Amino acid sequence: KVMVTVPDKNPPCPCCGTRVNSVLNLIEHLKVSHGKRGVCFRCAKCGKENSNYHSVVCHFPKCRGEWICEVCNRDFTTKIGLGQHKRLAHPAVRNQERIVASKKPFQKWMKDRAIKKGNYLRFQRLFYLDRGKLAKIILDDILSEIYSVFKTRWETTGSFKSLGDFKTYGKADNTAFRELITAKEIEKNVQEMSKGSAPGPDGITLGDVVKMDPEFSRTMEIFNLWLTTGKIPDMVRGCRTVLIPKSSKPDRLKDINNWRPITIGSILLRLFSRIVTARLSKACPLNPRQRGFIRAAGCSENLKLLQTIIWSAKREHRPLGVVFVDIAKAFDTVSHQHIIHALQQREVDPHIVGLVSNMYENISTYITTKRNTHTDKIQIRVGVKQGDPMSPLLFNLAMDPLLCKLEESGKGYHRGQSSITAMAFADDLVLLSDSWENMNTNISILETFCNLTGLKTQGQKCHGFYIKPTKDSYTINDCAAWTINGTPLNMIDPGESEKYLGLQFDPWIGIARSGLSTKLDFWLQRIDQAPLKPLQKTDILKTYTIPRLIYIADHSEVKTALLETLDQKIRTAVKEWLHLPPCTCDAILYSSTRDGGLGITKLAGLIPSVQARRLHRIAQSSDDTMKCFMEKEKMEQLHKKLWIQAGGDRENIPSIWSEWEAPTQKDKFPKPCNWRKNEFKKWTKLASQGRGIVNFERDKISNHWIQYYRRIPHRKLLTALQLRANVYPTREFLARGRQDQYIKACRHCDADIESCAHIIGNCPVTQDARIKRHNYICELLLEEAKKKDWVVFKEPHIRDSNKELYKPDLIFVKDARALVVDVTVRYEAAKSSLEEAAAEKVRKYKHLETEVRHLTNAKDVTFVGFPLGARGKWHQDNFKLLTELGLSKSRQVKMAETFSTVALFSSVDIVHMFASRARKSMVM
DNA sequence: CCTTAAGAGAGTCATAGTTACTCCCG
DNA sequence: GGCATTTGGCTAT
RNA sequence: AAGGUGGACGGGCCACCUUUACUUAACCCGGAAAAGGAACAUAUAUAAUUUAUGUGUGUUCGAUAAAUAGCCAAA
DNA sequence: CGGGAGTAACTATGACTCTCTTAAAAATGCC
Ligand SMILES: Cc1cn([C@H]2C[C@H](O)[C@@H](COP(=O)(O)OP(=O)(O)OP(=O)(O)O)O2)c(=O)[nH]c1=O
Ligand SMILES: [Mg+2]
Ligand SMILES: [Zn+2]
Ligand SMILES: [Zn+2]
Ligand SMILES: [Zn+2]
Ligand SMILES: [Zn+2]
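Residue numbers (the deposited numbering): 220 to 283, 293 to 330, 546 to 585, 594 to 1108, 1124 to 1390.
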């Protein structure tokens, strides 16, 4: 890296030995003239280095063992410190020690111009057609074989023989199938279906079903005919198959097993399957160990349960075995006769079992690939369809007797009177044991079930570890590896980790190191290197990039220091994209878009409230056995800490401890505090950058341009953002607090303070621009007066009784009414500024009643002031004038947005004019 | 036509309090 | 052609 | 050296020329940047590896990927 | 094998000191 030594505020460039004005001008010269993005700064007193300049200048004023680690030559004073160092910094060395102690002519440069213009065209096209694909392209860098493998996979009947001694969780409730399908039940399920999904081979989509049959009458007769006959017709049995990749890496895409066959059926069959699955899910209660596809947040509960069990086994000095398995090709391998036998064990109503058997009786499908080429027609004789609404319920009913057997005769891990042998989330299964030899009993139960039903386990995803207590602390994997189907398992050694439900588990520490920082750096660099405009980059970060962090940051329980590190990185990236000064307030970034902000998410505000709500959600779970393994006191103390740290009230903390037509209901657990309104409240308390911000608090009209900025140039947008934050670089802003060395006077006149209010409102160099602004606003109001057939006396000359001259802008005459309107554009600096502006523009002409009467031959005369804010404030009382003119309710809102946008960007034009006549006059 | 100001954030560094242990006598 | 209305992301399997 | 145009535009930097001429390789930063690019289909021509070579004219470079749950945000 | 006593590296709060130039809306639905 290029190395710069900084005690001195003005160093030279090392590429040419030539000095500049400041370190910021050096970074400018290194970036532009040489492309040297890798810069490192050194403290002159002590030789400390960092990549960050501001680190080194904060370093400069404050600038000032008998026992040896055999791994890294670190030195320590006591052996206790050495053992603690080897515990923290060197896992699996300490573990071994604990075990041991037990049409121009040519075409050349125009090609490069064509490539650059084409890259810009592609990204600007995708920003307005499909922004989700643009986010994926920025962030993620993403015939005979298919026919032969999938044809030999699907066509052969599975190897199920019999369930044997395996028994399901209780008998069924046959009352659910009694009452007929109503049209409102169909309406509720159509509201709960996915909104924009693909059609089947018959080509009808869900919106077409609504258009063909609005009241759901015809589909009701069709679905009840299917339900009482108990057989589906042959016209829906055909399906299509589309392949989805399982991993983004090109190293994996050649292998056929990393492609997932998604089978899509008819829309009416799919809706009918969801309607039947609701009733069959009511009829068949599952074993509570199964947390996948049910109406619960199973991921949070399973991660919390595994984390608490791993922590508690260490703290109570008890042995604990953990094994992770999952089923290979889980939906594709399950036999139809297995599902039918599982339904018959429950004594489900035989008409319903006949219907379920009939729906899988003659399914056939064809695979499409290479965008529009198809293979044959393949009989589906094994497996449920991935993408049919009924298949998760059928897979859960097929996997239920294994979980019941593991509860019944598996040797689990105890706490008090209760025990846990198994945990399930879909096909993912975790086995727990209180001893090493007990896991062989659990594994042989799993082997017996896989031999009876014909299922198989993915050997690539079978892992495990064993914790064994000692006098002080514990050892990991001081044993032989377990074997499932002969092959030994991958025993997870300390310091290494494997995935479980998206997070990673390490036996040494629990839920492993997050790695969010490297992902955030990588994503910010890829957003920066896209050919996009700055607010487009800000929108890619705002909407798509930041929600990817929230699940991992929630469930791994990240504390505040890493959150504020990520927040610092985010807001430095945003302020460097938008060309804002580093001293710009945080609240323009963090307030809501209707508050006048950008709507970027503060992690240190959002994440502790999400974690606190997660703990409250887990504590009110219906799973009564999981709550007996919860560490009650640590959960209450952690909820208290997260409630206080999120900004909640210390004194009001919560304590955390027909049927077919009613819409689905959820509990909404209490939220600590509204952090975004707290950001806006601390914006209004600033002295200079918060001046007049209270005008824009909930005005959806004045902040319309921050959302819909499409037809505005970005120079004008960034100057509007600088004028709203009051961080535009006039000389008053270049002084601020640094008052000893700089001049605050105006460049063009003798006025003492060169504020932005001086430039916009009062300075004599911008007088023609203010006159043209006022005239254009009066023309915009005049055309709306013309459109409703008002006769306009524009700019009269009225001489009063004392022969003084007055000039109102507009008089509007219709049906003996006369409306005297006077327009002004005031820079807003208080909550009451435009109201006083309207009052003083009323007060200027109120005596002129009778003169306006004989001028316009009118009977009734009213006088109205029409103020506008120079930074886009729409005054609320101007709707009275617009509704007296008689505009419709939508057209008033649209005109209000037009007036506010015109006033703001004409003030931007005034500020640009002042900057231009300032700069270009320097030579003459 | 217009009527005039008010540093804020980034960054280091010190103090002292948890967490998960380590090691040695009665 | 007036008038009104409404417009999102992410994770697990 | 000095006056110039050229590298879409502004700032750098480079190439070319000599009172407006020679004609242009290769690049950086940006608040500027909507195809003289790539894959195909198809007409036409030459010197048949014609599944060629050289031009022209049009499509595309996006969604067309389904399911069951859950969370966050606005409301 | 209980039970003091003692750390490494996080965590959580205050209290400072540092920095200050990139031109010339829109798609769908209803009256
Ligand atoms: C990931 C995924 C899974 N599923 C269902 C189908 C799967 O059979 C079941 C379990 O998924 P997985 O275990 O992730 O997939 P798999 O076991 O079928 O593939 P592999 O053997 O290579 O691991 O969840 C979906 O329906 N949609 C999805 O997007
Ligand atoms: Mg699987
Ligand atoms: Zn240099
Ligand atoms: Zn130093
Ligand atoms: Zn070491
Ligand atoms: Zn002035």
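Quick reminder that beta carbons are idealized off the backbone N, C-alpha and C, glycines included.
Check, Outcome
"To test your reading of the DSSP string, which unbroken alpha helix (DSSP H) runs of 4 or more residues are found completely within the region 1140 to 1169?", "1141 to 1150"
"Start and end of the beta strand (DSSP E) containing residue 1224?", "Counting along the chain, residue 1224 falls outside any beta strand (DSSP E), though it belongs to the alpha helix (DSSP H) covering 1222 to 1227."
"What residues sit near ligand 3, counting only those whose C-beta is closer than 7 Å to one of its heavy atoms, in chain order?", "232, 234, 235, 237, 248, 249, 252, 253"
"Out of 911, 630, 250, which one is the CA nearest neighbour of residue 778?", "911"
"Can the beta-carbon of residue 1000 be found closer than 8 Å to that of residue 967?", "yes"
"State the beta-bridge partners of residue 221 as determined by DSSP.", "258"
"Under three-state DSSP, which class holds residue 710?", "strand"
"Tell me whether residue 291 is buried or exposed, calling it buried when 16 or more other Cβ atoms sit within 10 Å of its Cβ.", "The chain lacks coordinates between 283 and 293, the interval that contains residue 291."
"Nearest to residue 844 by alpha carbon, out of 816, 790, 810, 786?", "790"
"Comparing C-alpha positions only, which one of 638, 690, 629 sits nearest to residue 801?", "629"
"Which value, in whole angstroms, describes the spacing of the CA atoms of residue 950 and residue 880?", "13 Å"
"Could you check if residue 1053 belongs to the surroundings of ligand 5, using beta carbon to heavy atom distance under 7 Å?", "no"
"Compute every distance between the C-beta of residue 279 and the non-hydrogen atoms of ligand 4, then say whether any falls below 7 Å.", "yes"
"At which residues does the beta strand (DSSP E) containing residue 816 begin and terminate?", "815 to 820"
"For the region 1092 to 1103 against the region 1134 to 1144, are there 3 or more C-beta pairs whose distance is under 8 Å?", "yes"
"Pick out whichever of 317, 245, 578 has its Cα sitting closest to the Cα of residue 959.", "317"
"With burial defined as no fewer than 16 other Cβ atoms inside 10 Å of the residue's Cβ, what is the status of residue 558: buried or exposed?", "exposed"
"Using the rule of at least 16 other Cβ atoms within 10 Å of the residue's Cβ for burial, across every protein chain shown, is residue 761 buried or exposed?", "buried"
"Residues in the same chain with beta-carbon distance under 7 Å from residue 698, minus the five sequence neighbours each way, listed in chain order, please.", "709"
"Taking the C-alpha atoms as reference points, what is the distance between residue 1027 and residue 1012?", "23 Å"
"I need the straight-line Cα distance from residue 640 to residue 658, nearest angstrom please.", "13 Å"
"Return the Cβ separation of residue 1217 and residue 1224 in integer angstroms, given the expectation that the two are a contact with Cβ distance under 8 Å.", "6 Å"
"Would the beta-carbon of residue 813 fall within 8 Å of that of residue 721?", "no"
"Under 8 Å Cβ to Cβ from residue 784, same chain only, skipping five residues before and after it: list those, please.", "609, 778, 833, 834, 905, 906, 907"
"Can you determine whether any heavy atom of ligand 2 sits closer than 7 Å to the C-beta of residue 911, and answer yes or no?", "no"
"Return yes when the Cβ of residue 884 is within less than 8 Å of the Cβ of residue 864, no when it is not.", "yes"
"In the DSSP assignment, what residue or residues form a beta bridge with residue 1329?", "1286"
"Here's a check: name, in chain order, each residue in its chain whose Cβ is nearer than 8 Å to the Cβ of residue 279, leaving out the five neighbours to either side.", "225, 226, 262, 263, 264"
"Using only the alpha-carbon positions, how far apart do residue 255 and residue 248 sit?", "9 Å"
"Using the rule of at least 16 other Cβ atoms within 10 Å of the residue's Cβ for burial, across every protein chain shown, is residue 600 buried or exposed?", "exposed"
"Take residue 919 and list the residues in its own chain whose beta-carbon comes closer than 6 Å to its own, dropping the five residues that flank it on each side.", "770, 926, 929"
"Bridge partners of residue 961, per DSSP?", "957"
"Please identify the residue among 1182, 680, 818 whose C-alpha is closest to the C-alpha of residue 715.", "818"
"Which whole-angstrom value describes the C-beta separation of residue 1070 and residue 1107, a residue pair presumed to lie in contact below a C-beta threshold of 8 Å?", "4 Å"
"Are residue 1152 and residue 1250 close, meaning C-beta to C-beta below 8 Å?", "no"
"Answer with buried or exposed for residue 874, where buried requires no fewer than 16 other C-beta atoms within 10 angstroms of its C-beta.", "buried"
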